[PDB]
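# Close look at the chain arrangement
This is what each chain is made of:
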Amino acid sequence: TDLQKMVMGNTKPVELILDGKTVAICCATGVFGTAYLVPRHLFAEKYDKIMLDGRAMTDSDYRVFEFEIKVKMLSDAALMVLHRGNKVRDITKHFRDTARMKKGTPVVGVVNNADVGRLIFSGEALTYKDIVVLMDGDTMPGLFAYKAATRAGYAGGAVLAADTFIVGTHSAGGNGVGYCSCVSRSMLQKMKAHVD
Amino acid sequence: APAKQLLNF
């Protein structure tokens, strides 16, 4: 699958720095231009600089757009757009609306961070959840669950599910099941023209 | 309940 290739190549490691020391780790999945999908809860941490693929930047180097996602809310999938940078492959055409998973179907999470390096995890789909409450008392909308073995740091990694496609970015997990924030191709498309 | 999986230090 050239797709598994494309996505793997767009996934870059992220690191938050505070007082010269690394204080957080996760992944970023390039979607087009210099736009990257990233866990929104990532910005809830205190930091001085953000390192994307070894490149250190400050808040004056990019913009972070959030997603309204209608339920009955802010999704955990934020889009980080660098003012300048090296282009990534445009894979928005691999997200969907024009379909939907189904309990059982194969699931593949793509990771690339500083804790474990490049890696892939597989599991089986479950269902789509409108809201999931985390163990810290927080909540997250539009999530797709799946049977998988995940760990801290996978957040932001791409999750794939005969034709293959991209569901969204990994956000949370636990006791054998993982959750990713879903992303529609149209929302990414509208976001592409907005950032031009 | 699941936990946010951003690796914190």
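For this deposition, the record names X-ray crystallography as the technique by which the model was determined and cites 2.50 Å as its resolution.

Taking the PDB entry as the reference, chain A is identified by name as PICORNAIN 3C belonging to Foot-and-mouth disease virus.

## Quick look at the overall build of chain A
For chain A, the count of helices and strands is two helices and 13 strands. Against the compact-globule benchmark of 16 Å for 196 residues, chain A has a radius of gyration of 16 Å, which places it among compact chains. Principal-axis analysis of the C-alpha atoms gives chain A an extent of 45 × 35 × 35 Å.

## Thoughts on the side chain of A:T34
Within the secondary structure layout, A:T34 lies in the loop between β2 (21-32) and β3 (35-39). A distance of 2.7 Å separates the side chain of A:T34 from the backbone oxygen of A:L82, its partner in a polar contact.

## Let's talk about the domain arrangement of chain A
Residues and elements named next belong to chain A. Examined at the domain level, chain A breaks down into domain 1 (1-90) and domain 2 (91-196). Its C-alpha centre places domain 1 at a distance of 15 Å from the equivalent point of domain 2. Taken together, the contacts link 33 residues of domain 1 with 36 residues of domain 2. Every element with two or more residues in the side of domain 1 that touches domain 2 is listed here: α1 (2-10), β1 (11-18), β2, β3, β6 (62-65) and β7 (77-82).

## Quick notes on the interface of chain A and chain B
If you look at the interface, chain A gives 27 residues, while chain B gives nine residues. For the side of chain A that touches chain B, the elements supplying multiple residues, two or more each, are β2, β9 (117-133) and β12 (166-174) of chain A. Of the residues in the side of chain A that touches chain B, the class split is 14 nonpolar, eight polar and five charged. Across two bridges, β12(A) lies against strand β1 (residues 3-4) of chain B in antiparallel orientation. Its bridge partner being in β1(B), A:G173 is matched across the sheet by B:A3.

## Details of the pairing of β12(A)
Residues and elements named next belong to chain A. Relative to β12, strand β11 (residues 158-160) is paired through three bridges, and the arrangement is antiparallel. Looking at the pairing, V159 lines up with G168 of β12. Both β12 and strand β13 (residues 177-182) contribute to a ladder of six bridges, which runs antiparallel. Paired with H170 across the two strands is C180, which belongs to β13.

## Quick word on the pairing of β7(A)
By the bridge criterion, five bridges tie β3(A) to β7(A) in an arrangement that is antiparallel. The residue of β7(A) that forms the bridge with A:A35 is A:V81.

## Focus: unusual backbone geometry
Residues other than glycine seldom take positive phi values, yet A:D19 does so here, at roughly 65 degrees. Inspection of the secondary structure assignment puts A:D19 in the loop between β1 and β2.

## What to know about the packing of aromatic side chains
All names here are of chain A. Where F121 meets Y146, the ring centres are 6.4 Å apart and the plane angle is 15 degrees; that geometry is what we call stacked. Of the two residues, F121 is situated in strand β9 and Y146 in strand β10 (residues 139-147); the sequence distance between them amounts to 25 residues. For the ring pair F121 and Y154, a centre distance of 5.4 Å and an interplane angle of 15 degrees mean the geometry is stacked. Here the residue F121 occupies a position in strand β9, and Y154 occupies one in the loop between β10 and β11, the gap between them amounting to 33 residues. Clustering of aromatic rings is evident, with ring pairs tying together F121, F144, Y146 and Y154.

## Here we look at the pattern of salt bridges
Two side chains of opposite charge can pair, provided their charged atoms sit close to one another. A salt bridge links B:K4 to A:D136; the shortest N-O distance between them is 2.9 Å. Here the residue B:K4 occupies a position in strand β1, and A:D136 occupies one in the loop between β9 and β10, the pair thus bridging two chains. Between A:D138 and B:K4 there is a salt bridge; the shortest N-O distance is 3.2 Å. Of this pair, A:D138 sits in the loop between β9 and β10 while B:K4 sits in strand β1, each in a different chain. Sharing partners across several salt bridges, the network here consists of A:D136, A:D138 and B:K4.

The rules we used
- Residues numbered from 1 in each chain as written, not as in the entry; some residues may be left out.
- Chains lettered and ligands numbered in written order.
- Heavy atoms only, no water.
- Residues with missing side-chain atoms left out of burial classes, pairs and counts.
- Helix = DSSP H or I, 4+ residues; strand = E, 2+ residues; numbered from the N terminus.
- Rg over C-alpha atoms; globule rule 2.2 N^0.38 Å.
- Polar contact = N/O pair within 3.5 Å; in protein donor to acceptor, adjacent residues only side chain to side chain.
- Domains from an automatic or database assignment.
- Contact = heavy atoms within 4.5 Å.
- Nonpolar A, V, L, I, M, F, W, Y, C, P; charged D, E, K, R; others polar.
- Pairing = 2+ DSSP bridges.
- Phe/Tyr/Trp six-rings, centres within 6.5 Å; stacked < 30°, edge-to-face > 60°.
- Salt bridge = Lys/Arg side-chain N within 4 Å of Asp/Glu carboxyl O.

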